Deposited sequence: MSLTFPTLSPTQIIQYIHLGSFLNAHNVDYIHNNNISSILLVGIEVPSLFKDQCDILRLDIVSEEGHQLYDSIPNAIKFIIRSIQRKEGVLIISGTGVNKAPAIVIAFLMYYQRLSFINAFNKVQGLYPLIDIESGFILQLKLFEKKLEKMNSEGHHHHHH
C-alpha cells in the first residue's frame, strides 16, 4: 500500500505516476522534477495531452508532442513526471512510445522493460494497438 504514494523512476529524468502520487512534493523536490506531463500545479512546466478514449488515434496523434516535451526536460537535465488518473494505463503507454523512440526498442521490448519496473501496468488493448501503429510509423521514417 505504501508504493502507491510514490512515482516510479523509469530511466534517468523520467518518472511514471498517478494523480495521487503527483502530490508527493518531496519526491518531486528531491528528484529535481520541473515538468509534468498530464495524460488525459501552476508552479511547474506542464503539458496536457487530450486523450479521452482508447478508440481511434488520439494517443498516436499525441506522441510527437509528448516526446518533445520529454526531451526538452532531459535537455535541461531536469526530471519530467508523467501521470494519468490511475497511473496504470495511459501514462505507461506514453512512456512506452517514448522509449521505443529514445532507445530504439520494439513495442514488446519497451513494454517488457516498463512492466519489469512497474508491475501494475495495465494498458487497454486500443492503446496497445495505437502503440503498434507508432512502431510501424517509426519503421518507415527510419528506413535507410
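- Gaps in the model relative to the deposited sequence occur at 1 to 3, 44 to 50, 155 to 161, listed in sequence order.
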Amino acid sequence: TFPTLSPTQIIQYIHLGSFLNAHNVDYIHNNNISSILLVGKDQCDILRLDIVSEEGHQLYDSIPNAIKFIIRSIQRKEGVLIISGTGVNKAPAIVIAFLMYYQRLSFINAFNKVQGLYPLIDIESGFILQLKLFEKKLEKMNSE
From here on, numbers count along this sequence of modelled residues.
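- The question of which stretch, 78 to 86 or 42 to 50, has the higher mean Cα B factor is settled in favour of 42 to 50.
- Compared with the other modelled residues of the chain, the Cα B-factor recorded for residue 13 ranks in the highest third.
- For residue 131, the recorded CA B-factor ranks within the lowest third of the chain. Only modelled residues enter the ranking.
- In the deposited entry, the Cα temperature factor of residue 62 places it in the lowest third of its chain's modelled residues.
- When the modelled residues of the chain are ordered by C-alpha B-factor, residue 108 sits in the middle third.
- Among all modelled residues in its chain, residue 116 ranks in the middle third by Cα B-factor.
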